[PDB]
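Report on the following structure.
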Amino acid sequence: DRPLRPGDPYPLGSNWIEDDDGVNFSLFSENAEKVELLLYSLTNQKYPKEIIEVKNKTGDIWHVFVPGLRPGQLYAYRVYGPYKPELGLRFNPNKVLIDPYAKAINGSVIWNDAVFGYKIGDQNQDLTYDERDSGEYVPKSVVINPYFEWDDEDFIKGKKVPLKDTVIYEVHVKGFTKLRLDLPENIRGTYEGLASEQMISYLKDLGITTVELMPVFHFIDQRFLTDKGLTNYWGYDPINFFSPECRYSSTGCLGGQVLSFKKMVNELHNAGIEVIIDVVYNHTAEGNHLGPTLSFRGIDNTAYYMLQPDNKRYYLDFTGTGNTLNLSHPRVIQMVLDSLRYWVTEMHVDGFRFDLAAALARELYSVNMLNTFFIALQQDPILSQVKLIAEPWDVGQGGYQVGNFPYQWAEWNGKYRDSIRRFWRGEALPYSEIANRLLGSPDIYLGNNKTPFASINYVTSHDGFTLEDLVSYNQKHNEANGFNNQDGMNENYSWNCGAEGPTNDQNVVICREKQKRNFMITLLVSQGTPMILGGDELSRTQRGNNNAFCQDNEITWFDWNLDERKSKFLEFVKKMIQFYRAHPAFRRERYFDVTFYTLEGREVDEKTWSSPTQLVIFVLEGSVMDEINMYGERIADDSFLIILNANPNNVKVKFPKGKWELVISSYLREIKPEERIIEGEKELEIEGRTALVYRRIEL
Amino acid sequence: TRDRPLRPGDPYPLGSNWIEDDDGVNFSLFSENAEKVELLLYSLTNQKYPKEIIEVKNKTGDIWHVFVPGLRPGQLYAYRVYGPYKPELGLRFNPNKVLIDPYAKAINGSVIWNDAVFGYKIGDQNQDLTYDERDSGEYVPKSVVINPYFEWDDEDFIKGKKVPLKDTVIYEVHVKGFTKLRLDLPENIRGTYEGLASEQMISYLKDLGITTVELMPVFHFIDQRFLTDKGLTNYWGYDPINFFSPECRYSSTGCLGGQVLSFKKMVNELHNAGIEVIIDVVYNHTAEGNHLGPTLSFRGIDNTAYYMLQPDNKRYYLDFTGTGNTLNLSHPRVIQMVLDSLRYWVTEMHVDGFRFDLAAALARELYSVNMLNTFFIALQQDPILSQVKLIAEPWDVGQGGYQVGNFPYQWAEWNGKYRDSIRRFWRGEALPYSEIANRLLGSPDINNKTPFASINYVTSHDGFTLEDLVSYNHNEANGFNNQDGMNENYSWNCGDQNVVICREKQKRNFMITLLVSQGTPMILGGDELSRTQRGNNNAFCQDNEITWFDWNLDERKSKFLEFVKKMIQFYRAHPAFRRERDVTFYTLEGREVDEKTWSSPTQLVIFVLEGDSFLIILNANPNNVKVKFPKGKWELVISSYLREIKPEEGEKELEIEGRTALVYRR
């Protein structure tokens with residue numbers, strides 16, 4: 009007998025209107041017989057306060073306005089339909105579902121046989137129909153207040169840092185500040201903790217421009233992970249594409265995660281720092297048949313999911329996770345684009361990084377959506393300005409297969425990390441190959457973007473070894489993950505430097521520290537936008553675990569100990585990053612000028628260019644670049660000489676023309692007077708496994 | 007170089023953009039192939055000569071941009087683009103030619119024609135390969151930096167319920183014609199946005215009972231040289247040169263930003279009234295025509311991009327419409343422009359829907375480059391564009407069918423043939439009985458294929474109106492031997514007053530049938546005022562007495578308006594004609623339908639709604670036939686009539706007359 013009204017279809021989800029004093033509720037469902045809105049009082053989460061049958065429907069969209077409800081109000085849905093699993097029809101109104109357009113989720117799921125929708129349990133498995141209510145264990149979607157006081161006016165509008173000037177920083181929200189002891193407990197390893205005053209000055213002192221946060225979409229710890237006493241630490245199982253992860257909130261989970269995130273981002277922008285978020289669109293946490301009925305599968309399984317034709321009880325898997333969104337259906341492709349748009353206009357994120365992007369492109373291609381998906385990004389008013397990061401993929405015949413890539417499109421260059429790892433390991437590599445990597449990989453980027461900065465260079469990431477573990481480790485040690493070490497990449501191209509794991513041997517440590525420095529300069533001397541693994545500066549180690557996706561503990565937390573070894577390296581990284589930012593010679597837009616050299620100090624003819632090498636010498640020649648980014652003012656950078664000696668043996672190099680001055684090197688030892696400045700082609704005795712950078716000073 | 011001081015600015019939003027903090031204007035322009043770009047600043051008095059030449063020196067990707075401090079709304083600019091001139095490669099960049107900004111939100115006047123606006127020596131052996139030298143400044147209208155802000159009070163009608171397609175009655179109306187000869191209104195708002203929006207209109211139209219107004223073209227369009235030389239002016243707007251500017255011609259308040267202002271207010275009134283605005287867009291060609299075309303904008307900015315060139319002879323331009331060019335919809339910026347323009351007119355100009363002219367050709371052009379379906383996905387997923395009404399025509403493209411996954415959620419189509427069908431049953435000729443039974447049903451044999462998706466229109470902006478063929482049963488003024496427009500609209504001659518008896522019965526008829534049909538109906542503007550074109554069915558260059566709405570009541574109109582008002586009133590009163598379907615039916619006489627009968631080429635239709658219940662009888666026809674009502678009580682409400690109502694016309702026998710149509714209730 010309530011003054012309820014039909015309300016509006018737009019926008020999707022729950023919408024608090026100031027004026028009409030109440031909240032518009034809307035949910036997409038094509039195959040539902042009946043929809044029910046459930047409102048929960050903070051005090052009781054087991055049974056709804058009030059149940060409202062949603063009776064008005066515009067096209068495939070159910071909606072009702074409900075007066076008097078306000079920001080902070082908990083809710084959920086029960087969706088009604090046929091249950092013929094063999095037809096992919098899995099409607100179970102006993103299961104209390106998460107709104108797909110929820111902007112916040114009030115906690116985690118509590119693993120119990122009743123969140124499944126089939127009997128466990130039974131031997132028909134997914135054919136059966138479980139009657140138990142799920143509400144007791146399913147967090148509720150939350151109505152939020154979208155309003156926020158942004159004074160990142162300077163930043164947002166309009167001209168932020170481009171990829172040519174970007175240093176990215178891949179960092180887990182929790183691990184970053186979990187053991188930053190000069191922060192109060194409740195904000196340690198949280199969004200607010202991350203953007204705190206000292207954290208900001210730290211990231212500023214390091215010199216990184218762009219933060220890449222690991223998954224912040226609200227994810228779910230897998231059953232098989234919690235049965236073993238482990239959580240999903242990396243967050244690669246979204247259940248909702250609009251809500252900040254409740255776990256990383258310092259200010260609670262009834263809007264607090266939205267507010268803290270919005271806060272954190274605003275601080276970061278004011279400091280001059282960009283936010284990229286790692287995003288998963290290739291699968292949902294619901295898994296395959298057999299997985300839980302938490303949201304999509306309950307709302308409309310047939311839409312939403314890619315089903316096996318001829319056996320619709322099964323889900324198509326391109327990723328090995330269990331499901332694929334039905335990206336051909338206009339609502340599903342809408343949700344993705346709606347997600348991307350939300351996070352930019354409302355959460356003020358500067359761009360995205362697509363996890364398993366080769367898979368994501370395969371899925372899109374699967375239903376003829378890849379090129380249209382790209383056109384959607386390019387013409388969209390807000391989406392065509394953000395940064396979009398992915399990976400190479402040849403599908404399936406398959407060269408990219410794509411009319412045109414967004415202006416700020418870039419790809420993780422795994423070939424760059426492999427080549428670089430192998431080089432410093434001692435593997436003599438074709439000169440042309442190692443050199444191309446340093447030149448930003450024009451052999452990969454013929455007509456993908458016409459810029460070196462489409463290539464995201466890196467030596468380490470969240471995947472596999474931490475730069476510390478890379479130089480200390482020959483094979484993975486992932487028994488802690490509980491997969492009897494079968495999980496995680498096996499090709500690592502690593503080297504322990506003479507001892508596996510921690511050692512007392514100062515010969516081994518000298519190798520290691522020297523080597524870390526080698527990679528750090530190789531990376532910040534190459535064309536392409538570089539990405540650094542958070543922790544690498546702190547000499548962070550997961551002690552041989554190369555796939556710590558499930559270690560929310562001591563192993564993964566950043567260790568803020570001021571050990572002198574560690575400290576001295578943090579000093580090196582700072583100095584090198586600074587050097588990179590300080591010189592647009594290593595940051596060219598059009599390379600797709613240099614001169615490469617031999618041991619005996621001459622130019623490089625074919626054969627020399629084609630035979631494996633262990634030593635790279637080259638000069639960034641010239642200066643006049645166009646510009647800078649301001650009205651008609653060309654600058655000129657100093658000319659540099661880079662010597663990289665991976666050959667494990669001392670070697671004698673003939674320098675090229677002019678005066679050269681050593682600006683930085685991997686020598687841990689003090690620098691001899693005849694090494695600071697060198698002229699007139701006279702030879703220097705270069706140590707084995709050493710990297711060196713010189714600027715010319717005349718003429 | 008120059009001064010000035012100049013902030014590089016931002017690449018987005020495309021166009022001129024004044025920022026009221028840095029107290030300047032931001033300029034951004036696309037040109038993938040440009041060598042050099044020069045912004046030209048102009049004083050509102052000197053236009054032959056540019057006040058300032060500014061070298062646009064920064065580009066982000068394929069967007070040139072510069073920020074100029076000090077400039078504000080009202081500023082007149084144009085661009086100059088340098089690059090190769092190898093017209094055999096399709097490359098035809100010409101600095102001497104002053105170009106409009108494709109993203110300009112306002113333009114100052116029409117093109118003053120001259121040999122200089124072309125990029126080749128207008129007269130020569132190799133027309134369209136030759137390099138013309140002449141400056142184009144004076145002739146080419148200037149792009150105007152605009153005043154974006156505007157105060158909307160229709161917040162109440164913006165959201166939410168805008169009159170749904172079910173409840174809709176649409177009214178197709180040309181802007182000038184609507185109130186040019188509407189004398190009781192000042193001598194400067196007549197034939198303007200604000201004129202159409204006078205408080206004497208609106209009260210008129212709300213009084214008339216239509217809930218949606220569909221304007222003929224308002225995209226700033228030019229004149230065909232190439233016609234005016236015949237002393238005619240493009241009066242239909244179906245030849246645009248920019249996609250963001252309201253047409254200069256229909257502004258009561260000048261052409262330096264008053265087109266923007268007059269249009270917005272227009273809408274804001276219409277909305278407060280409680281009515282809906284749909285505008286008539288053209289995206290299938292620009293006003294530049296083929297090679298041998300004026301170099302106004304896109305040809306000059308970037309010919310490669312923008313235009314679909316003939317492979318093997320990029321000299322020439324692929325034409326799908328017979329107008330000379332097609333936009334290169336496969337280039338991301340070109341497709342972006344179209345989608346930006348659709349988004350602009352909605353969020354910014356508060357427009358409720360579009361009607362794509364020559365939709366099939368547009369679908370085909372889109373198809374030609376694999377963009378049709380991706381165009382449709384873009385529209386559905388767009389937060390603003392998916393909410394608006396969208397109106398085209400049917401088409402059969404590529405390899406059969408529509409070649410589209412899904413349509414937008416308020417898609418509808420000009421039923422090209424429902425008018426060829428209703429104008430043939432009433433016409434008298436041999437006509438099938440499941441055919442016209444279909445037309446009235448919603449035409450469900452073809456989209457969402459739920460009746461609302463059909464635009465049941467008896468009359469388009471196409472001809473006639475209403476009768477005016479039936480007169481025909485006048486393409487001489489249009490200076491080309493009378494072969495232009497449709498070939499037969501299927502009408503009587505009705506040939513006095515005793516040799517014109519059917520005229521008023523060849524009105525009211527279409528009316529009573531059209532409003533009774535399931536779906537959504539379209540009247541031509543001023544068929545209730547009994548409009549006329551003195552015979553013309555193709556009045557596209559008639560800015561004359563021919564087209565302008567004759568508002569002085571000749572006496573036999575005015576009775577008819579009071580009919581249409583009451584006729585449409587009925588459909589605006591009962592949910593019995595607003596569904597996705612309980613229909614009846616009844617042949618002569620009294621007899622519930624069978625299969626003879628179902629395919630019999632004659633002139634008799636009856637039906638009922640159970641299903657407020659209603660009985661409806663409709664017939665053609667050359668002579669009288671026996672009439673018997675069916676099961677249930679019958680009470681008259683409205684009709685067509687040779688005289689008036691007498692007398693008193699369960700179950701019995703009437704019996705009905707000739708050229709005529711009729712109705713009842715329960």
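Chains A and B, in that order, give the protein sequences.
Residue numbers 9 to 600, 612 to 718, in full-length UniProt numbering, belong to the letters of the first sequence in order.
Residue numbers 7 to 452, 456 to 482, 485 to 506, 513 to 598, 612 to 641, 657 to 694, 699 to 715, in full-length UniProt numbering, belong to the letters of the second sequence in order.
Note that beta-carbon positions come from the ideal geometry of N, C-alpha and C, so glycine has one too.
For residue i, return the contacting residues in chain B, with the cut-off set at a CB-CB distance below 7 Å.
{"i": "A/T380", "result": "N379, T380, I383"}
{"i": "residue 726 of chain A", "result": "Nothing can be reported for residue 726 of chain A, as the shown portion of chain A is limited to 9 through 718."}
In chain A, which residues lie less than 9 Å from residue i when you measure between Cβ atoms?
{"i": "B/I341", "result": "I383, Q386, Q387"}
Return the CA-CA distance between residue i and residue j, expressed in angstroms with no decimal places.
{"i": "A/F360", "j": "A/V352", "result": "10 Å"}
{"i": "A/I216", "j": "A/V682", "result": "20 Å"}
{"i": "A/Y616", "j": "A/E702", "result": "14 Å"}
{"i": "B/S629", "j": "B/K423", "result": "19 Å"}
{"i": "A/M314", "j": "A/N334", "result": "5 Å"}
{"i": "A/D495", "j": "A/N489", "result": "8 Å"}
{"i": "B/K65", "j": "B/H71", "result": "6 Å"}
{"i": "B/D134", "j": "B/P90", "result": "15 Å"}
{"i": "A/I697", "j": "A/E680", "result": "7 Å"}
{"i": "B/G263", "j": "B/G543", "result": "30 Å"}
Specify the secondary structure class of residue i as computed by DSSP and reduced to three states.
{"i": "B/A418", "result": "strand"}
{"i": "A/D173", "result": "helix"}
{"i": "A/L221", "result": "strand"}
{"i": "A/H71", "result": "strand"}
{"i": "A/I307", "result": "helix"}
{"i": "A/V682", "result": "strand"}
{"i": "B/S258", "result": "coil"}
{"i": "A/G21", "result": "strand"}
{"i": "A/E41", "result": "coil"}
{"i": "B/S34", "result": "strand"}
{"i": "A/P246", "result": "strand"}
{"i": "B/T353", "result": "helix"}
{"i": "A/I662", "result": "strand"}
What does residue i touch in chain A if you count any residue whose Cβ is under 8 Å from its own?
{"i": "B/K63", "result": "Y650, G651"}
{"i": "B/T7", "result": "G651"}
Mind pulling the chain B residues with CB within less than 8 Å of residue i?
{"i": "A/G67", "result": "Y415"}
Going along chain A in order, which residues have a C-beta closer than 7 Å to the C-beta of residue i?
{"i": "B/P14", "result": "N648, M649, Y650"}
Please list, in chain order, the residues of the stretch 324 to 337 of chain A that have any C-beta partner in chain B closer than 9 Å.
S336, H337
Inside the stretch 472 to 526 of chain A only - alpha helix (DSSP H) runs reaching at least 4 residues
475 to 478
When you check each C-beta in the stretch 166 to 177 of chain A against every C-beta of chain B, which residues fall closer than 9 Å?
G166, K167, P170
3 or more residues per run - each beta strand (DSSP E) lying fully within the stretch 76 to 105 of chain A:
Listed in chain order, they are 82 to 88.
Taking only beta carbons into account, state which residues of the stretch 391 to 405 of chain A come closer than 7 Å to chain B, listed in chain order.
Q393
Jot down the residue ranges of each uninterrupted alpha helix (DSSP H) in the stretch 278 to 329 of chain A, minimum 4 residues, whole runs only, in chain order.
Listed in chain order, the complete alpha helix (DSSP H) runs (minimum 4 residues) inside the stretch 278 to 329 of chain A are 304 to 308.
Contact set between the stretch 16 to 31 of chain B and chain A, restricted to residues whose Cβ is under 8 Å from the partner:
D16, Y18, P19
Proximal residues, the stretch 406 to 436 of chain A versus chain B, C-beta separation under 8 Å
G411, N412, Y415
Uninterrupted alpha helix (DSSP H) stretches inside the stretch 416 to 453 of chain A (no shorter than 4 residues):
422 to 433, 439 to 446
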